[PDB]
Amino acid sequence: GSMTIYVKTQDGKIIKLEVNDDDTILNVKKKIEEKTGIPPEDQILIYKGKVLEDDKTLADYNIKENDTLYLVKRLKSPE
């Protein structure tokens, strides 16, 4: 059922997300948006070096409790 995963950002922040192992990567991206403001289209999630696709689930990638995803923004922050 429920599980707790962690998403690490670039500035080093760690986001505690409460998900379901049958949640889509896009659902995870939407929760990340809710807690960060980054729209899901601008998010890239990496798990053990591999990029995750929005249409798959965490169970497809064997992501379990306390596992860590890495978040990287698609577009470069303006300056």
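Residue indices: 1-based, along the sequence shown.
Compared with the other modelled residues of the chain, the Cα B-factor recorded for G49 ranks in the highest third. When the modelled residues of the chain are ordered by C-alpha B-factor, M3 sits in the highest third.
Among all modelled residues in its chain, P39 ranks in the lowest third by Cα B-factor. Among the modelled residues of its chain, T9 has a C-alpha B-factor that falls in the lowest third according to the deposited record.
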